[PDB]
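A short write-up of the structure that comes next.
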Amino acid sequence: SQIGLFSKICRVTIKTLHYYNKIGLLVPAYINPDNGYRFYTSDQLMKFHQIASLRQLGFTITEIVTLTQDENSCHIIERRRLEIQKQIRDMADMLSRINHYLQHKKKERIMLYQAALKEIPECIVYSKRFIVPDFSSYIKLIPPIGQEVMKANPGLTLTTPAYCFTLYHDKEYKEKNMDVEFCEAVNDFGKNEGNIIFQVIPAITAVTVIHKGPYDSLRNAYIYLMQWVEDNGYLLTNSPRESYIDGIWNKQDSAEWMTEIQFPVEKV
DNA sequence: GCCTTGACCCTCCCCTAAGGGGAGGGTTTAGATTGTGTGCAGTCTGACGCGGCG
DNA sequence: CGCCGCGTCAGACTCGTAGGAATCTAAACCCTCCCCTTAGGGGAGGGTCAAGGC
Ligand code: 118
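Residue numbers (this note's numbering): 2 to 269.
In structure tokens, the structure reads:
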């Protein structure tokens, strides 16, 4: 049986048989020496059936080679099974994210706020945890901290890139009684003089949105991130962070400012 | 200023999985078939070499 | 060997623009080889950017 007849018996392409002969998965029963013509046999079909049976389970080709040439490989079927359930979990996550994306696109004609899930590494910060009378007043006590720390900690170099964020320890929304905590990432440890203390913040997987524009429409992004959290079955594991990437310090226009809100979450 | 130094940065080339697509090359093919197929040309005049007759 | 008619070969003005020539024609197989596909990774080779050190 030539390769054209075998490809019609097997209902597979000829190039598939060429590839399987090249890699050594399915070798023809007899190859004509002068022409090169591959000839196949029923005993090759009995093996192509096994190849197809394994390949329909999503096994990679090299896994199929290992399974059919070397027996007692029950660890490879377990690896493929665990990977299949992991991919199923990831696929359910992706499905929820794309359903949410369509309900939002069908909600507002322009999408102002995309949501991205990113992992934040561990870091060394100096932090001051304090009760703030108003969000407008929160901005006032930060530049005092910025000069005082550089005067009190000489040669202290902030990391690059600059991770300067806020920990919202409030489990509910309020305007005037915010128990907030100002953090700023630094390269190495230091002295803990004053109300400013040093600490490490654990690496977290967090869903983040970057808000461009003034600080009054941030409630939109928070409700959106909360909406994302309720829609996609995540649970808030830690306090939300507020990372100030660009602001009045690089650019004078207040509507081009940008900050990224991070929601530490786990899928539950 | 001349000279190193460590960190960055660029393009370019090759690699990934499982074949698809195509180019460019071989091979045979068993009713019987058995000799091509066009023109075209109104030149003249020298001049040379040769079959054939004497 | 000597001469006569026959076969053959070689020559024949310079400017612009138009300006070529146009028919006829396997198919089904197989092979190898080369490039292609994600979304980038890895490395070689070669440049470049601020630090300073004398
Ligand atoms: C210590 C030192 C600098 C800043 Sb800022 C800032 C950030 C958020 C809100 C208000 C101010 C900063 C600069 C670069 C990158 C990230 C943050 C800052 C710097 C100069 C002038 C005004 C503000 C804060 C603390």
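Here a beta-carbon is modelled for each residue, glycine too, at the ideal position from N, C-alpha and C.
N251: CB within 8 Å of a non-hydrogen atom of ligand 1: Yes, the beta carbon of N251 sits closer than 8 Å to at least one heavy atom of ligand 1.
Nonlocal neighbours in the same chain, by C-beta distance under 7 Å from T14, ignoring five residues either side: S8.
- request: Give the DSSP bridge partners of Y235, in chain order.
  value: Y235 is bridged by DSSP to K268.
message: Rounding to the nearest angstrom, what Cα-Cα distance links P241 and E267 in this structure?
response: CA-to-CA, the gap between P241 and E267 works out to about 13 Å.
task: Entirely within the stretch 190-229 and at least 3 residues each: give me those beta strand (DSSP E) ranges in chain order.
output: If you keep only unbroken beta strand (DSSP E) runs of at least 3 residues inside the stretch 190-229, you get 198-202, 205-213.
task: Could you check the C-alpha separation between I198 and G234 for me, to the nearest Å?
output: Approximately 35 Å, taken between the alpha carbons.
- prompt: In angstroms, rounded to a whole number, what distance separates the CA positions of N33 and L18?
  reply: Each residue's Cα considered, the two are about 16 Å apart.
message: Helix, strand or coil for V28? Go by DSSP, reduced to three states.
response: Coil.
query: Using the C-alpha atoms, what's the distance from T160 back to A186?
result: Taking C-alpha positions only, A186 is separated from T160 by approximately 6 Å.
task: State yes or no: is the C-beta of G147 nearer than 8 Å to some heavy atom of ligand 1?
output: Yes; taking the cut-off as 8 Å, the Cβ of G147 has a heavy atom of ligand 1 nearer than that.
DSSP bridge partner residues for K129 (one or two, in chain order): Answer by DSSP bridge pairing, in chain order: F183.
message: Checking the sheet assignment: what are the DSSP bridge partners for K119?
response: Partner(s): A207.
- request: Give the range of the alpha helix (DSSP H) segment to which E79 is assigned.
  value: 75-106 is the extent of the alpha helix (DSSP H) around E79.
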